[PDB]
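Novice: Structure here, sequence nowhere to be found:
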Ligand code: HEM
Ligand code: HEM
Ligand SMILES: [K+]
Ligand SMILES: [K+]
């Protein structure tokens, strides 16, 4: 804070709100990481006493600690929430969020309004995290603990893959909304509403929807529409939405034993003496039977520490009546019923059953209604589907099966995976590679295309959920075959040339074969050698995918609205074209220097979709040089907008005024922004030529392999 | 800006203004840097065509560019102003700011109200920067252009020294005040006020002082107070101060041909088309004879492009009257004077002698007054005074000679460089080291003392300007011997033991000799093994300093307010205790993992001044274990404050409730902060025992070698 010390004062974000920042290209550096330089987590995890650990959590499940006591002597209810919440922030839209980086430890997710009391949950595990050392990450353990909680209450699980490495910095690249007030929502919206992309929540500080109902209004069919969209954003359908909410609230209790005004400050504003614990409660004890968490006082089942079919049965057993909690919140009561649900602390005492508007949405919603009914008709199809949705939930952002590790990895290939079969033939060596480059260039396809269709294939990767890339060559499959930015016409010509080159090399020839995936990328490397005069690295082993394993609705999210690398699209009201470009480079895990080299080169090589003259700042296109940067930074050139929208520009001579260049904001920001201009200059110098060229080939080859977890 | 995408939305600094951030320990990493991993700038600068570059810069002086024309056919004064403004941010208070990391080209120094048109001056140097590749960096290129400018105009410089590497990110560890409005000053201050440490300027966005006068009030003796303190904070005394103002303002002019409403938006909020050129001016031609920078229309001497005495002669030839510039700013005109100075563009027009309020402050002040006369009565002294104080200005934030590269490095030693004479003797070999480690422990000085003192030597470093550290053993010289944080009673006992040991060895030996500085650092390593059972590295070659070469006045600024490492001091109203610890950590160039490992180890070895047991969380102290972390993260403990101010705390048995430990905010931040808690956890695992020890020994040596530029 503006404290007269290092770290204090007004900063650039204060003076220049609108200005572009390259922060997100500087995250998760080794400098912030404690572990040994050569430490590898996957190798460490594989050596974990995994069984030993599972037994210790089940021991913990009943090991009620006195500073945060166990409702019904069981922490399972507490630990299924923690993990629902770890994973439940994932959103398909941009693929950010999820449990995969253990960010719940950190702000803001540690101090969210929906994350009350999970700091204590998280703390109850420290004695185990301390026992198992580096072989278990917080990322993993927080989800595994959720799985052990179910198993220990008589619910069978579908499986569990580990291998999520821990992070050490709060992840600054996630857009949670612009509100600036918790629980707020007056912007993420503009019934009949449209939650803006990429958001998958109705309020700031909340996981999916509101339990009290929209804006806190107990209208369950209005709350149903919230749940269909938000869970839709998180990749979930209606069947899976019903299995999750039922199976979830089949265990547990809520904590609103009092007026919330009695709760204190969240972990990040809490006093230092509380050691990462916030929400200090003054209502009576503050913990145990007096706990105050969300303000609603509900318990859904007769057996909160044991699996059964209580939640659905009870929902279709009474008529429900809206009431209010002991803290003043919109909840539902049962029009009639001897206390069947038991108290958390009095064994003797029992109470009438009750519910949550959201839960009540499942009955009042036309569709859910039914699903809710097929599950009662089949208390099995529902045991299965919950485990299946539960595994999907926790591993939706991990990526390809290649990244999954552990004794309990499942063998059933699931539909949402984007599965690629592992190569079951002999891979191409050096002589076959050399022989294929020649054959690809010999077809007579213009090198510019090969290069364009190489990048389009590779550029799909978004390293956040790890989906997309050259592997599997889905570029030939829907929806990518008809994406406007892929140039379907040229996409198909190149692909047709590669199809023949393949049948030629696989045909009757014995032993080895080559995927269209390896050829698509190798065509690029073939073309790029010819154009750079340098050796370009190439790793084979990609395989081809089938449409079956290509969820056309899943992949439609990856299509970009704007793409600076390919000179596609324009900005919006709230986002400038340069803002997308960094958002894309962050997604491709590219550094700022990496980004700079890539644009300078892709341009000179004309990788512009449709094929326009934008930023092709060379008089010898198709030949890799640093002409782009020399020309960009030229002080004898000037730039005028050629459109009032301010998306296209025109470079002209300052003295003679003759026109020279067209360009897009994707091009001029490298002159305009100070820090990016500092990288342009290195490549634009007279010594910069050959260095840029190597860097381009490094950065090119990096992009080409982003999805190679099989290595 | 909070726009629906990666990069946007509300952040943790919005939700929690007061919350501690560790950004300043994740800076200047190598992921942001475009140069090869094997590039060494000092090596590249050594091979630069330095003379050839110099010729090209003289050629640049009189090579007017029609898009930003040269006043009087010479860009010299513009360039001097450039160089004075880059260097001009430096403050002794902490060492931050200055020319040393080329930080003018980045926000916010690039968009400061005091740096208008320095974007054009910078930009004018890009063809040259482009021609010398990376062999000449920006940091150095800006400063060297100042020297050549002077040399081109008949002035003999003292010397020049390169070796400054370039930065690639905006430096965010600098506090330039708390104001949120450009030129604001209400906060800094709180005719007889006090400018808060560590600022060295009167207004936010200005280099030192207001040219118009204190709050735009043309009051010469009030302006002189402002100048004294601001230049004293930037290390210059009155004799130097007067030489700098009188040297600079002996060349060129100022610019304010029209009202300042005619200038548009600074670069970081300028339009993209302008390409990081800001301050677009609608007045007339908007450049050349219609230039507007400050808004003052003054031209100091009759020869703006040739060194000579004009500045002081004219100041002392006429008597002055206040008037206003075409922009409406307070300047001064002479009474009864004939048009002597010349116009920058018309060679047949002349105007009246003009001056500035700050410049009038030099004749009015009775201290500055005399010095000006002294310089008027002695012209070759004034030259001397200026070339020295000019050299000082450009090389104050650079460090010790060892750092200073190039053909124009002076052979004469200056009174403020903090010179340590080179080692002219044979350094100790491993046999001597072993032998000497034994003779140090044989004195019977407690290891605690050897570890306290050894660290107190190293701890004094600062990367801001690279001053302090264990070389020279200035912990024995004033002021560091009388520093309360250094516990002077024990510092004496240690130093007396090492002096007799040094004597011994010393003379006893033949050909070889050992320095007191090395025996201090070597005391700690010999003590740290005994405590750890490991090998602690040691790099000899340090030498000792004499009081002569220790600038005490400058050294006072290095005394801490709070030392989190040694358990000293309390916060401030504006600054918490931990915030100092992070400021000091950054200044020591430590990563957050290095920081965490260092507290743990220092506490357990009882390295607390005076000897307080605050944070010594071990039942077996003097021994290196990870007991600090195990006992700080233990879930069965809780803390409460036990001081009249909440600095100290008491750890107690959450169950039995009896007292265990005493602690301080320096220690309780590793349990409070989410990010720092994550690092302490690594070292608190059962398999982090021997890992911690290593990392402590790696980082303890890292800190003991921060100032060893002789490598
Ligand atoms: C829109 C959907 C949902 C909403 C709005 C929601 C909201 C809530 C709220 C407010 C609580 C009370 C927790 C407290 O304050 O102490 C609760 C409890 C719980 N929810 Fe959900 N929930 C949803 C779906 C689910 C799902 C899908 C699962 C699991 C897959 C789940 C698992 C739990 C568990 C285990 C508890 C018990 C908390 C405890 O005992 O500490 N919920 N839920
Ligand atoms: C309190 C101290 C000083 C203040 C407040 C100050 C302020 C100013 C101002 C307002 C201008 C006019 C710039 C414009 O409007 O374009 C100016 C010009 C100039 N100052 Fe200073 N100055 C100070 C000291 C110095 C020093 C120490 C140097 C060099 C050692 C220097 C070098 C220059 C030069 C070269 C120019 C002319 C720039 C040109 O011709 O374009 N000044 N100064
Ligand atoms: K992720
Ligand atoms: K510096």
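Specialist: Looks like it arrived, so ask away. Residues are numbered from 1 along each chain as shown, chains lettered A, B, ... in the order given. Ligands and ions are numbered 1, 2, ... in the order given.
Novice: quick one: residue A:322 is in a helix?
Specialist: No - according to DSSP: H, G, I helix; E, B strand; the rest coil, residue A:322 belongs to no helix; its state is strand.
Novice: Near the nearest residue to it once chain neighbours are set aside, how many residues? Count them for me, please.
Specialist: Closest residue in space to residue A:322, ignoring its immediate chain neighbours: residue A:218 at 5.1 Å, by C-beta to C-beta, 6 or more residues apart in numbering or on different chains. Every residue, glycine included, has its C-beta placed from N, CA and C. Number of residues near residue A:218 (other C-beta atoms under 10 Å in any protein chain shown) recorded here: 20.
Novice: quick one: residue A:499 from residue A:587, how far?
Specialist: Distance, residue A:499 to residue A:587, by C-beta to C-beta, to the nearest Å: 30 Å.
Novice: and the helix or strand hosting residue A:385, which residues are buried?
Specialist: Using DSSP states H and E, the element containing residue A:385 is helix A:381-395. For helix A:381-395, the buried set under the neighbour-count rule, 16 or more other C-beta atoms under 10 Å in any protein chain shown, comprises A:382-383, A:385-395.
Novice: Over to stretch A:653-668?
Specialist: Counting neighbours by 16+ other C-beta under 10 Å, one finds that the buried residues in stretch A:653-668 are A:660-668.
Novice: Check stretch A:81-93 too.
Specialist: Buried residues in stretch A:81-93 (16+ other C-beta under 10 Å): A:81-93.
Novice: quick one: which of those residues sit in helices?
Specialist: A:81-87 (DSSP state H).
Novice: Just the ones in strands from the buried residues of stretch A:653-668, please.
Specialist: A:660-664 (DSSP state E).
Novice: could these be laid out in a markdown table, adding distance to residue B:46?
Specialist: Formatted as a markdown table, those follow (distance: C-beta to C-beta, whole Å):
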| residue | distance to residue B:46 |
| --- | --- |
| A:660 | 38 |
| A:661 | 38 |
| A:662 | 43 |
| A:663 | 39 |
| A:664 | 41 |
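Novice: and which of those residues is nearest residue A:120?
Specialist: Using C-beta to C-beta, residue A:664 comes nearest to residue A:120 of these, at 51.3 Å.
Novice: and that closest one, how far is that from ligand 4?
Specialist: Distance from residue A:664 to ligand 4, counting by C-beta to the ion, to the nearest Å: 37 Å.
Novice: Nearest residue to that residue in space, please, no chain neighbours.
Specialist: Leaving aside its sequence neighbours, residue A:664 sits nearest to residue A:614 (C-beta to C-beta, 6+ apart; 5.0 Å).
Novice: of all of chain A, which residue lies closest to ligand 3?
Specialist: Here chain A gets closest to ligand 3 at one residue, residue A:100, 4.0 Å apart by C-beta to the ion.
Novice: Would you state the helices of the stretch 1-150 of chain A in chain order?
Specialist: A:12-15, A:41-46, A:50-62, A:76-87, A:118-123, A:126-129, A:138-151 (DSSP state H, counting those that start in this stretch).
Novice: Out of those helices, flag the one nearest ligand 4.
Specialist: helix A:12-15 (18.4 Å).
Novice: Identify the residues contacting the helix holding residue A:385?
Specialist: If you take C-beta atoms under 8 Å, 6 or more residues apart in numbering or on different chains as the criterion, helix A:381-395 is touched by A:83-84, A:86-88, A:99, A:143, A:146-147, A:150, A:155-161, A:235-236, A:239-240, A:243-244, A:246-247, A:309, A:312, A:374-375, A:404, A:410, A:414, A:416.
Novice: Looking at residue A:499 and residue A:587, which one has more neighbours?
Specialist: Taking neighbours as other C-beta under 10 Å, residue A:499 and residue A:587 compare with residue A:587 leading, 25 against 14.
Novice: For the residue nearest to that one when sequence neighbours are not counted, give me its contacts.
Specialist: Leaving aside its sequence neighbours, residue A:587 sits nearest to residue A:462 (C-beta to C-beta, 6+ apart; 4.2 Å). By C-beta under 8 Å, 6+ apart, the contact set of residue A:462 is A:94-95, A:468, A:558, A:587-588.
Novice: ok so, going back, nearest to chain B, of the buried residues of stretch A:81-93?
Specialist: Of all those, chain B sits closest to residue A:93, with 9.5 Å by C-beta to the nearest C-beta.
Novice: Which one of the buried residues of stretch A:81-93 is nearest to residue B:178?
Specialist: Closest to residue B:178, out of all of those and judged by C-beta to C-beta, is residue A:89, at 34.7 Å.
Novice: For the closest one, give me its contacts.
Specialist: A:97-98, A:109, A:200, A:207.
Novice: if we go to 10 Å?
Specialist: For residue A:89, the contacting residues are A:96-99, A:103-104, A:109, A:112, A:114-115, A:174, A:176, A:200-201, A:206-208, A:234, A:397, by C-beta atoms under 10 Å, 6 or more residues apart in numbering or on different chains.
Novice: can you check residue A:144 too?
Specialist: A:50, A:53-54, A:57, A:83, A:136, A:160-162, A:394, A:406, A:408 are the contacts of residue A:144 under C-beta under 10 Å, 6+ apart.
Novice: Equivalent analysis for residue A:369, please.
Specialist: A:224, A:242, A:316, A:362-363.
Novice: contacting residues for the spatially closest residue to residue A:633 that is not a sequence neighbour?
Specialist: Nearest residue to residue A:633 in three dimensions, chain neighbours excluded: residue A:684, at 5.0 Å (C-beta to C-beta, 6+ apart). The contact partners of residue A:684, taken as C-beta under 10 Å, 6+ apart, are A:600, A:626-634, A:670, A:677, A:692, B:126, B:129-130.
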